[PDB]
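Text of target_16.txt, listed as compact mmCIF, C-alpha atoms and all ligand atoms:
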# COMPACT_ATOMS: atom_id res chain seq x y z
CA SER H 1 -20.79 -10.77 0.58
CA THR H 2 -17.42 -10.42 2.37
CA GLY H 3 -13.81 -11.46 1.83
CA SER H 4 -10.88 -11.92 4.24
CA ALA H 5 -7.26 -12.60 3.21
CA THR H 6 -3.99 -12.74 5.10
CA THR H 7 -1.24 -10.29 4.01
CA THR H 8 2.41 -11.29 4.65
CA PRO H 9 5.56 -9.14 4.69
CA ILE H 10 7.90 -10.05 1.77
CA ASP H 11 11.09 -9.74 3.91
CA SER H 12 12.41 -9.14 7.43
CA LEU H 13 12.05 -5.35 7.03
CA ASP H 14 8.33 -5.25 6.00
CA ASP H 15 9.38 -3.62 2.66
CA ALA H 16 5.97 -4.65 1.24
CA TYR H 17 3.15 -7.12 1.87
CA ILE H 18 1.76 -9.80 -0.44
CA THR H 19 -1.76 -11.19 -0.45
CA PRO H 20 -2.80 -14.29 -2.43
CA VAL H 21 -5.32 -13.62 -5.21
CA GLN H 22 -7.15 -16.23 -7.33
CA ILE H 23 -7.36 -15.32 -11.05
CA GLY H 24 -9.12 -17.31 -13.75
CA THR H 25 -10.74 -20.74 -14.13
CA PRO H 26 -9.26 -23.02 -12.86
CA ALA H 27 -7.78 -20.61 -10.30
CA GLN H 28 -4.24 -19.31 -10.80
CA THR H 29 -3.02 -17.96 -7.41
CA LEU H 30 -0.68 -14.98 -7.58
CA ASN H 31 0.74 -13.01 -4.66
CA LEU H 32 -0.13 -9.34 -5.21
CA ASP H 33 0.92 -6.11 -3.51
CA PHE H 34 -2.35 -4.46 -2.43
CA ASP H 35 -1.83 -0.76 -3.09
CA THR H 36 -4.24 1.93 -1.81
CA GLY H 37 -2.07 4.48 -3.73
CA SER H 38 -2.82 3.17 -7.26
CA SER H 39 -5.76 1.83 -9.24
CA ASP H 40 -4.47 -0.88 -11.63
CA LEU H 41 -4.63 -4.66 -11.03
CA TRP H 42 -1.64 -5.84 -13.10
CA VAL H 43 0.23 -9.18 -13.12
CA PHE H 44 3.33 -10.87 -14.38
CA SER H 45 2.07 -13.06 -17.22
CA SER H 46 2.85 -15.46 -20.08
CA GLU H 47 3.15 -12.20 -22.18
CA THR H 48 5.90 -10.64 -19.99
CA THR H 49 9.29 -10.30 -21.79
CA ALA H 50 11.10 -13.53 -20.71
CA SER H 51 14.32 -11.70 -19.62
CA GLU H 52 12.18 -9.52 -17.23
CA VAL H 53 10.72 -12.53 -15.31
CA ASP H 54 12.97 -13.89 -12.48
CA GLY H 55 11.08 -16.21 -10.13
CA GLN H 56 7.59 -14.55 -10.16
CA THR H 57 4.46 -16.64 -10.61
CA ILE H 58 2.77 -15.72 -13.95
CA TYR H 59 -0.85 -15.50 -15.06
CA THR H 60 -1.43 -17.44 -18.32
CA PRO H 61 -4.76 -16.23 -19.77
CA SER H 62 -4.78 -18.96 -22.45
CA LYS H 63 -5.19 -21.54 -19.56
CA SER H 64 -8.26 -19.71 -18.12
CA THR H 65 -11.66 -20.65 -19.58
CA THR H 66 -13.11 -17.35 -18.29
CA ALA H 67 -10.36 -15.02 -19.64
CA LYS H 68 -11.34 -12.69 -22.51
CA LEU H 69 -9.05 -10.21 -24.29
CA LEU H 70 -10.35 -6.64 -23.75
CA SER H 71 -9.88 -5.70 -27.39
CA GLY H 72 -7.69 -2.66 -28.04
CA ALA H 73 -7.04 -1.90 -24.37
CA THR H 74 -3.53 -1.06 -23.14
CA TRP H 75 -2.09 0.21 -19.88
CA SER H 76 1.11 1.89 -18.71
CA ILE H 77 1.97 3.05 -15.20
CA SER H 78 4.86 4.79 -13.41
CA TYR H 79 5.15 4.73 -9.60
CA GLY H 80 6.57 7.37 -7.19
CA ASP H 81 9.75 5.20 -6.76
CA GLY H 82 10.40 5.52 -10.57
CA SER H 83 9.34 1.87 -11.31
CA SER H 84 6.97 1.10 -14.24
CA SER H 85 5.10 -1.57 -16.20
CA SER H 86 2.83 -1.76 -19.23
CA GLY H 87 0.86 -4.24 -21.35
CA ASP H 88 -2.57 -5.31 -22.57
CA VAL H 89 -5.77 -6.29 -20.74
CA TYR H 90 -8.01 -9.30 -20.12
CA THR H 91 -11.24 -9.59 -18.17
CA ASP H 92 -11.41 -12.62 -15.87
CA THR H 93 -12.81 -13.87 -12.53
CA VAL H 94 -10.79 -12.60 -9.54
CA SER H 95 -11.29 -13.77 -5.93
CA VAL H 96 -9.74 -12.36 -2.76
CA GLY H 97 -10.29 -14.17 0.50
CA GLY H 98 -13.55 -15.78 -0.72
CA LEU H 99 -14.95 -12.61 -2.37
CA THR H 100 -15.39 -13.05 -6.15
CA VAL H 101 -15.68 -10.42 -8.92
CA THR H 102 -16.51 -11.53 -12.46
CA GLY H 103 -15.36 -9.45 -15.40
CA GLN H 104 -12.45 -7.81 -13.51
CA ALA H 105 -9.85 -6.04 -15.68
CA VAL H 106 -6.61 -8.04 -15.23
CA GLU H 107 -3.79 -5.98 -16.79
CA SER H 108 -1.19 -8.38 -18.25
CA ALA H 109 2.37 -7.02 -18.26
CA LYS H 110 4.35 -7.14 -21.47
CA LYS H 111 7.17 -5.03 -19.88
CA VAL H 112 8.21 -4.39 -16.28
CA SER H 113 11.06 -2.22 -14.96
CA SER H 114 14.12 -3.72 -13.25
CA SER H 115 12.82 -3.18 -9.64
CA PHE H 116 9.83 -5.51 -10.41
CA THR H 117 12.05 -8.14 -12.11
CA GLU H 118 14.48 -8.10 -9.15
CA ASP H 119 11.69 -8.78 -6.60
CA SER H 120 10.75 -12.49 -7.05
CA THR H 121 8.12 -12.28 -4.24
CA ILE H 122 5.66 -9.80 -5.88
CA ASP H 123 3.66 -11.23 -8.83
CA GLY H 124 1.83 -7.90 -9.47
CA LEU H 125 -0.25 -5.10 -7.90
CA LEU H 126 -3.89 -4.85 -6.90
CA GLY H 127 -4.83 -1.16 -6.82
CA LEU H 128 -7.29 0.11 -4.19
CA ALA H 129 -7.20 3.89 -4.82
CA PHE H 130 -10.08 5.50 -6.74
CA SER H 131 -10.83 4.23 -10.26
CA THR H 132 -10.22 7.72 -11.72
CA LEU H 133 -6.45 6.85 -11.54
CA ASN H 134 -6.77 3.62 -13.55
CA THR H 135 -4.42 3.77 -16.56
CA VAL H 136 -6.32 1.54 -19.06
CA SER H 137 -6.81 3.24 -22.45
CA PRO H 138 -9.04 3.96 -24.26
CA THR H 139 -11.66 2.74 -21.77
CA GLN H 140 -10.70 3.26 -18.10
CA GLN H 141 -11.36 0.22 -15.89
CA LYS H 142 -12.67 -0.17 -12.32
CA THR H 143 -10.70 -1.44 -9.31
CA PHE H 144 -11.52 -4.76 -7.66
CA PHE H 145 -13.10 -2.81 -4.74
CA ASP H 146 -15.23 -0.66 -7.03
CA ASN H 147 -16.51 -3.78 -8.89
CA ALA H 148 -17.21 -5.63 -5.58
CA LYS H 149 -18.73 -2.68 -3.69
CA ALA H 150 -22.43 -3.13 -4.56
CA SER H 151 -22.25 -6.86 -3.50
CA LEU H 152 -20.51 -6.22 -0.16
CA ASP H 153 -22.38 -6.25 3.15
CA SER H 154 -20.91 -2.72 3.79
CA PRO H 155 -19.00 -0.68 1.15
CA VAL H 156 -15.66 -0.83 3.03
CA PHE H 157 -12.32 -2.57 3.17
CA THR H 158 -9.86 -2.61 6.06
CA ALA H 159 -6.07 -2.84 6.26
CA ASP H 160 -4.54 -4.44 9.32
CA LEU H 161 -0.80 -4.67 8.49
CA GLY H 162 1.53 -6.51 10.86
CA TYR H 163 4.91 -5.41 12.24
CA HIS H 164 7.29 -8.21 11.27
CA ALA H 165 4.18 -10.49 11.15
CA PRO H 166 1.21 -11.31 8.92
CA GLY H 167 -1.96 -9.18 8.97
CA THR H 168 -5.29 -9.01 7.21
CA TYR H 169 -7.25 -7.29 4.43
CA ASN H 170 -11.03 -7.57 4.95
CA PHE H 171 -13.67 -6.56 2.40
CA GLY H 172 -17.30 -5.74 3.30
CA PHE H 173 -17.12 -5.79 7.12
CA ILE H 174 -15.28 -4.28 10.11
CA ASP H 175 -13.84 -6.94 12.47
CA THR H 176 -14.61 -5.35 15.89
CA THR H 177 -12.15 -7.88 17.49
CA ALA H 178 -9.19 -6.53 15.47
CA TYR H 179 -8.68 -3.16 17.23
CA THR H 180 -8.76 -1.52 20.69
CA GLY H 181 -10.91 1.43 21.69
CA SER H 182 -12.98 3.21 19.00
CA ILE H 183 -12.41 3.96 15.30
CA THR H 184 -11.97 7.73 14.59
CA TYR H 185 -13.24 8.68 11.15
CA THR H 186 -11.81 11.62 9.18
CA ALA H 187 -12.72 13.34 5.88
CA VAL H 188 -11.28 12.25 2.53
CA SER H 189 -10.67 14.28 -0.64
CA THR H 190 -10.89 12.17 -3.83
CA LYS H 191 -9.76 15.15 -6.02
CA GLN H 192 -6.31 13.57 -6.75
CA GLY H 193 -7.71 9.97 -6.89
CA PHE H 194 -6.12 9.02 -3.50
CA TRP H 195 -7.36 8.29 0.02
CA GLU H 196 -6.23 11.85 0.93
CA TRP H 197 -6.87 13.14 4.43
CA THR H 198 -5.54 15.72 6.94
CA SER H 199 -3.77 14.66 10.10
CA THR H 200 -4.21 17.02 13.04
CA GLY H 201 -0.52 16.93 14.15
CA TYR H 202 2.28 14.95 15.65
CA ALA H 203 4.51 14.25 18.63
CA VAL H 204 8.07 12.86 18.87
CA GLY H 205 8.60 10.32 21.67
CA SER H 206 7.19 11.58 24.99
CA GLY H 207 7.23 15.17 23.61
CA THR H 208 4.25 17.55 23.56
CA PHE H 209 1.78 17.20 20.67
CA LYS H 210 2.09 19.87 17.97
CA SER H 211 -1.31 20.79 16.49
CA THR H 212 -0.74 21.32 12.75
CA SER H 213 -2.63 20.22 9.59
CA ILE H 214 -0.72 17.63 7.53
CA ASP H 215 -2.47 16.71 4.26
CA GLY H 216 -1.41 13.30 2.96
CA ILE H 217 -2.46 9.95 1.51
CA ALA H 218 -3.09 6.56 3.14
CA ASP H 219 -0.89 4.42 0.88
CA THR H 220 -0.35 0.70 1.60
CA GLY H 221 1.94 0.49 -1.45
CA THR H 222 4.56 2.81 0.03
CA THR H 223 6.97 1.35 2.64
CA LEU H 224 7.87 4.49 4.63
CA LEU H 225 6.26 7.57 6.22
CA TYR H 226 7.00 10.71 4.13
CA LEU H 227 6.24 14.02 5.95
CA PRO H 228 7.22 17.69 5.66
CA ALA H 229 10.90 18.48 6.20
CA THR H 230 10.14 20.48 9.42
CA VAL H 231 8.42 17.43 11.01
CA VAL H 232 11.10 14.97 9.88
CA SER H 233 13.94 17.22 11.17
CA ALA H 234 12.18 17.46 14.55
CA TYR H 235 12.00 13.62 14.73
CA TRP H 236 15.61 12.85 13.77
CA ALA H 237 16.99 15.64 16.02
CA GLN H 238 15.98 13.31 18.92
CA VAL H 239 18.34 10.53 17.68
CA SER H 240 22.08 11.02 18.48
CA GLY H 241 24.15 10.87 15.30
CA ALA H 242 21.19 10.90 12.85
CA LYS H 243 21.72 12.92 9.69
CA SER H 244 20.32 13.42 6.20
CA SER H 245 22.65 11.74 3.69
CA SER H 246 22.41 12.98 0.03
CA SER H 247 24.62 9.97 -0.99
CA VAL H 248 22.26 7.40 0.64
CA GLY H 249 19.04 9.35 -0.23
CA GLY H 250 17.56 10.19 3.18
CA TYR H 251 17.97 10.19 6.92
CA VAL H 252 20.31 7.57 8.38
CA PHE H 253 21.06 6.86 12.00
CA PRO H 254 23.50 4.75 14.05
CA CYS H 255 22.28 1.14 14.12
CA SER H 256 23.17 1.17 17.87
CA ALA H 257 20.37 3.77 18.54
CA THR H 258 17.07 3.15 20.31
CA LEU H 259 14.53 5.17 18.27
CA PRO H 260 11.75 7.28 19.79
CA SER H 261 8.13 6.71 18.90
CA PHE H 262 6.22 8.98 16.54
CA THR H 263 2.58 9.95 17.13
CA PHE H 264 0.19 11.28 14.46
CA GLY H 265 -3.25 12.84 15.03
CA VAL H 266 -6.54 11.61 13.58
CA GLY H 267 -9.03 14.21 14.71
CA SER H 268 -8.78 14.27 18.54
CA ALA H 269 -7.33 10.71 18.49
CA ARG H 270 -3.66 9.67 18.40
CA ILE H 271 -1.87 6.75 16.67
CA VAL H 272 1.53 5.87 18.16
CA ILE H 273 4.18 4.34 15.86
CA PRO H 274 6.70 2.52 18.12
CA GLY H 275 10.36 3.45 17.55
CA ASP H 276 11.24 -0.06 16.35
CA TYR H 277 8.81 0.37 13.39
CA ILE H 278 11.05 3.27 12.14
CA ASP H 279 14.23 1.06 11.82
CA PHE H 280 14.83 -0.15 8.23
CA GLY H 281 18.20 -1.71 9.04
CA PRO H 282 21.69 -1.34 7.60
CA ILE H 283 22.03 0.80 4.45
CA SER H 284 24.18 -2.01 2.98
CA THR H 285 24.94 -5.43 4.32
CA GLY H 286 27.16 -5.21 7.49
CA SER H 287 26.98 -1.39 7.75
CA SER H 288 26.50 0.27 11.14
CA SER H 289 24.50 3.08 9.43
CA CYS H 290 20.77 2.27 9.43
CA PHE H 291 18.06 3.72 7.17
CA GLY H 292 15.21 5.68 8.70
CA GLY H 293 11.52 4.90 8.32
CA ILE H 294 10.44 8.56 8.47
CA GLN H 295 11.73 10.60 5.50
CA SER H 296 11.07 14.02 3.96
CA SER H 297 8.30 14.42 1.38
CA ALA H 298 9.90 17.69 0.12
CA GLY H 299 10.95 16.05 -3.24
CA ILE H 300 7.54 14.25 -3.79
CA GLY H 301 4.83 16.97 -3.79
CA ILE H 302 2.61 14.98 -1.35
CA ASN H 303 2.86 13.57 2.18
CA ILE H 304 2.52 9.79 2.32
CA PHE H 305 1.22 7.77 5.27
CA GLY H 306 2.80 4.51 4.07
CA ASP H 307 3.18 1.16 5.78
CA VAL H 308 5.30 2.52 8.71
CA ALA H 309 2.29 4.59 9.77
CA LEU H 310 -0.57 2.32 8.66
CA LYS H 311 0.85 -0.83 10.35
CA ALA H 312 0.45 0.97 13.75
CA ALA H 313 -3.35 1.14 13.16
CA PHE H 314 -6.47 -0.71 12.09
CA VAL H 315 -7.45 1.35 9.02
CA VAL H 316 -10.96 1.55 7.50
CA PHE H 317 -11.25 2.57 3.83
CA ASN H 318 -14.94 3.62 3.77
CA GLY H 319 -16.19 3.67 0.15
CA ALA H 320 -19.67 5.06 0.97
CA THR H 321 -21.08 7.75 -1.38
CA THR H 322 -18.94 10.24 0.57
CA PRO H 323 -15.73 8.28 1.31
CA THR H 324 -13.99 8.60 4.71
CA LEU H 325 -10.99 6.97 6.47
CA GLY H 326 -11.11 5.44 9.93
CA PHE H 327 -8.17 4.77 12.28
CA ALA H 328 -8.09 2.73 15.51
CA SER H 329 -5.23 1.65 17.75
CA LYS H 330 -4.68 -2.11 18.01
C1 LIG H 401 10.51 -3.63 -2.11
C2 LIG H 401 9.29 -2.72 -2.32
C3 LIG H 401 8.23 -3.40 -3.21
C4 LIG H 401 8.43 -3.11 -4.72
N1 LIG H 401 8.97 -4.14 -5.46
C5 LIG H 401 9.16 -3.88 -6.78
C6 LIG H 401 8.84 -2.66 -7.40
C7 LIG H 401 8.28 -1.67 -6.55
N2 LIG H 401 7.93 -0.45 -7.08
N3 LIG H 401 8.07 -1.88 -5.18

Taking this structure as input, can you express it in the form of structure tokens?
Ligand SMILES: CCCc1nccc(N)n1
Amino acid sequence: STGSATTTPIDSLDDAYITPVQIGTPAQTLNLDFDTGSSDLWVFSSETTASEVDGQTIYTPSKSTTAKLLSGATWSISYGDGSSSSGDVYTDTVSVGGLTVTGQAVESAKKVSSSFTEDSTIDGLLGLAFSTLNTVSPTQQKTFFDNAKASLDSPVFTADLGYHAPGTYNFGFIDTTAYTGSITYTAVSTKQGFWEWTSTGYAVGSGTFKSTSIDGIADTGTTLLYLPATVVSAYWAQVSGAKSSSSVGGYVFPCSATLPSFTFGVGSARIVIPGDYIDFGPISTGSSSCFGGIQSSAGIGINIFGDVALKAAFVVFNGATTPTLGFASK
């Protein structure tokens, strides 16, 4: 089998991407944030505290003839941005882009933190990291990808995120029309439950490439590119008037600037992030200070290749017995 679904930015800045997902019988379509940095499929629901729902579409398990309570199971998650959610668990039929999994764990939120409430466009998360990170207790549950894998034509999914435009998540096949040149594959460590890999280095604009190992994660659920402070300082030093602001919480730059590109290494290959991808717009409405898309990881404990980086590539998440990542230009 295969599946193919369009992913759409939630706003003019590409803060996140939503993909429609069919849950239950008859189908209930929710728009989920596909997240290769976490491993829970959780939804706004008929169980969510009413004051914490503000415009999201909810899953109502009592209206699904295939929903079953997973007795005794609970979940609770906290994300790198400090957001959180928790609840109980159903199994139900879940389809993405024509690919169906029966008996998927659908984690129903009883509580969500204010960032989730305040974002009417995201109805929940669909985790695509390794199932070892799944938070369901006392019986850990499998991701949608892990449940689909055996049925797929090839044990892979691909992320093709757009810049200010829709893109695609494919399951079970590699669309050879979706990228230019060849796909460079690189080793993955699953030891922390992430798609963790080592970039071979970077360049700033037309500058010379610096060969240096940068360990980090391929994370579709993170907006920005978080790298070591040395690398980030080298980038922003090329932008007149850029500075790190403790009050704003990162590097800011004059909105009048033209940003340089940023290149990262994948083996001997190179992915170029255009400068425009690094502009996250005014820090507050009408400000002439703009927020940068490349920020320091120093306060995180891991480097994160988030959407700023991944949207410059066609990315293969190879779930073979020994997982690997692939990157192509597009
Ligand atoms: C705007 C980024 C997407 C998002 N929305 C709500 C909560 C969260 N952690 N991320």

(message) Would you compute the distance between CA of residue 105 (chain H) and CA of residue 304 (chain H)? Give it in Å to one decimal.
(response) 27.0 Å

(request) Within 7 Å of residue 141 (chain H), counting only C-alpha atoms, which residues show up once you throw out same-chain ones fewer than 2 positions away? Write them as a list in words, please. (result) residues 105, 131, 134, 136, 139 and 143 of chain H

Store the residues picked out above in a file with C-alpha atoms, as a JSON list (two decimals), keeping the file's coordinate frame.
[["chain", "number", "residue", "atom", "x", "y", "z"],
["H", 105, "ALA", "CA", -9.85, -6.04, -15.68],
["H", 131, "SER", "CA", -10.83, 4.23, -10.26],
["H", 134, "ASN", "CA", -6.77, 3.62, -13.55],
["H", 136, "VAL", "CA", -6.32, 1.54, -19.06],
["H", 139, "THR", "CA", -11.66, 2.74, -21.77],
["H", 143, "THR", "CA", -10.70, -1.44, -9.31]]

(request) Within 7 Å of ligand LIG 401 (chain H), which residues show up when you count all atoms listed in the file? List them as an NGL selection string, please. (result) :H and (15-16 or 79 or 81 or 83 or 115-116 or 119 or 122 or 223)

Go ahead and save the residues from that selection, with C-alpha atoms, as a compact mmCIF listing (two decimals), keeping the file's coordinate frame.
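After the write, result28.txt holds the following:
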# COMPACT_ATOMS: atom_id res chain seq x y z
CA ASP H 15 9.38 -3.62 2.66
CA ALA H 16 5.97 -4.65 1.24
CA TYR H 79 5.15 4.73 -9.60
CA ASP H 81 9.75 5.20 -6.76
CA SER H 83 9.34 1.87 -11.31
CA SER H 115 12.82 -3.18 -9.64
CA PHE H 116 9.83 -5.51 -10.41
CA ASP H 119 11.69 -8.78 -6.60
CA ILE H 122 5.66 -9.80 -5.88
CA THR H 223 6.97 1.35 2.64

(message) With distances taken over all atoms listed in the file, which residue among H:269, H:193, H:284, H:221 lies nearest residue 32 (chain H)?
(response) H:221

(request) Using all atoms listed in the file, give me every residue within 8 Å of (-9.2, -17.7, -12.1) in file coordinates, as number ranges by chain. (result) H: 22-29, 64, 66, 92-95

Using the file's own x, y and z axes, what box holds all listed atoms of region 16-22 of chain H with 4 Å on each side, keeping edges along x, y and z, and what are its centre and edge lengths in Å to one decimal, as AutoDock Vina command-line options?
--center_x -0.6 --center_y -10.4 --center_z -2.7 --size_x 21.1 --size_y 19.6 --size_z 17.2

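The shortest atom-to-atom distance to residue 268 (chain H), with only C-alpha atoms taken into account, belongs to H:184 out of H:74, H:56, H:184, H:190.
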
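Atom to atom, CA of residue 149 (chain H) and CA of residue 70 (chain H) stand 22.1 Å apart.
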
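You can rank H:133, H:225, H:271, H:218 by their closest distance to residue 36 (chain H) using all atoms listed in the file, and at the top of that list sits H:218.
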
(message) At a cut-off of 8 Å, using all atoms listed in the file, what residues contact residue 310 (chain H)? Leave out same-chain residues fewer than 6 positions from it and give the result as a list in words.
(response) residues 159, 160, 161, 218 and 220 of chain H

Give one line per residue of region 238-329 of chain H that approaches region 199-206 of chain H to at most 12 Å, naming the two atoms of the closest pair and their distance in Å to one decimal, counting only C-alpha atoms; sort by chain then ascending residue number and deliver it as a tab-separated table.
residue	atom	partner	partner_atom	distance
H:238	CA	H:204	CA	7.9
H:239	CA	H:205	CA	10.5
H:258	CA	H:205	CA	11.2
H:259	CA	H:205	CA	8.6
H:260	CA	H:205	CA	4.8
H:261	CA	H:205	CA	4.6
H:262	CA	H:204	CA	4.9
H:263	CA	H:203	CA	4.9
H:264	CA	H:202	CA	4.4
H:265	CA	H:200	CA	4.7
H:266	CA	H:199	CA	5.4
H:267	CA	H:200	CA	5.8
H:268	CA	H:200	CA	7.7
H:269	CA	H:200	CA	8.9
H:270	CA	H:202	CA	8.4
H:271	CA	H:202	CA	9.2
H:272	CA	H:203	CA	8.9
H:273	CA	H:205	CA	9.4
H:274	CA	H:205	CA	8.8
H:275	CA	H:205	CA	8.2
H:276	CA	H:205	CA	12.0
H:294	CA	H:204	CA	11.5
H:303	CA	H:199	CA	10.4
H:304	CA	H:199	CA	11.1
H:305	CA	H:199	CA	9.8
H:309	CA	H:199	CA	11.8
H:325	CA	H:199	CA	11.2
H:326	CA	H:199	CA	11.8
H:327	CA	H:199	CA	11.0

With C-alpha atoms retained, could you export that selection as a PDB file, keeping the file's coordinate frame?
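See part08.pdb below for the written result:
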ATOM      1  CA  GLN H 238      15.980  13.310  18.920  1.00  0.00           C
ATOM      2  CA  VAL H 239      18.340  10.530  17.680  1.00  0.00           C
ATOM      3  CA  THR H 258      17.070   3.150  20.310  1.00  0.00           C
ATOM      4  CA  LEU H 259      14.530   5.170  18.270  1.00  0.00           C
ATOM      5  CA  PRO H 260      11.750   7.280  19.790  1.00  0.00           C
ATOM      6  CA  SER H 261       8.130   6.710  18.900  1.00  0.00           C
ATOM      7  CA  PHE H 262       6.220   8.980  16.540  1.00  0.00           C
ATOM      8  CA  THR H 263       2.580   9.950  17.130  1.00  0.00           C
ATOM      9  CA  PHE H 264       0.190  11.280  14.460  1.00  0.00           C
ATOM     10  CA  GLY H 265      -3.250  12.840  15.030  1.00  0.00           C
ATOM     11  CA  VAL H 266      -6.540  11.610  13.580  1.00  0.00           C
ATOM     12  CA  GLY H 267      -9.030  14.210  14.710  1.00  0.00           C
ATOM     13  CA  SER H 268      -8.780  14.270  18.540  1.00  0.00           C
ATOM     14  CA  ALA H 269      -7.330  10.710  18.490  1.00  0.00           C
ATOM     15  CA  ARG H 270      -3.660   9.670  18.400  1.00  0.00           C
ATOM     16  CA  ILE H 271      -1.870   6.750  16.670  1.00  0.00           C
ATOM     17  CA  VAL H 272       1.530   5.870  18.160  1.00  0.00           C
ATOM     18  CA  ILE H 273       4.180   4.340  15.860  1.00  0.00           C
ATOM     19  CA  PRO H 274       6.700   2.520  18.120  1.00  0.00           C
ATOM     20  CA  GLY H 275      10.360   3.450  17.550  1.00  0.00           C
ATOM     21  CA  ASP H 276      11.240  -0.060  16.350  1.00  0.00           C
ATOM     22  CA  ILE H 294      10.440   8.560   8.470  1.00  0.00           C
ATOM     23  CA  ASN H 303       2.860  13.570   2.180  1.00  0.00           C
ATOM     24  CA  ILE H 304       2.520   9.790   2.320  1.00  0.00           C
ATOM     25  CA  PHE H 305       1.220   7.770   5.270  1.00  0.00           C
ATOM     26  CA  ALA H 309       2.290   4.590   9.770  1.00  0.00           C
ATOM     27  CA  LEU H 325     -10.990   6.970   6.470  1.00  0.00           C
ATOM     28  CA  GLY H 326     -11.110   5.440   9.930  1.00  0.00           C
ATOM     29  CA  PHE H 327      -8.170   4.770  12.280  1.00  0.00           C
TER      30      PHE H 327
END

(message) If we count all atoms listed in the file and set the cut-off at 6 Å, which residues sit around region 316-321 of chain H, ignoring sequence neighbours fewer than 2 positions away in its own chain? Please answer as a PyMOL selection string.
(response) chain H and resi 155-158+323-326

(request) Would you work out the distance separating CA of residue 2 (chain H) from CA of residue 188 (chain H), expressed in Å to one decimal? (result) 23.5 Å

(message) List the spatial neighbours of residue 55 (chain H) as a PyMOL selection string - criterion: any atom at most 9 Å away, only C-alpha atoms, same-chain residues fewer than 5 positions off excluded.
(response) chain H and resi 117-121

(message) Counting only C-alpha atoms, which residue out of H:65, H:246, H:91, H:57 sits closest to residue 144 (chain H)?
(response) H:91

(message) With all atoms listed in the file as the counted atoms, please give the residues lying no more than 6 Å from residue 168 (chain H), apart from itself and same-chain residues fewer than 4 positions off, as a PyMOL selection string.
(response) chain H and resi 5-7+160
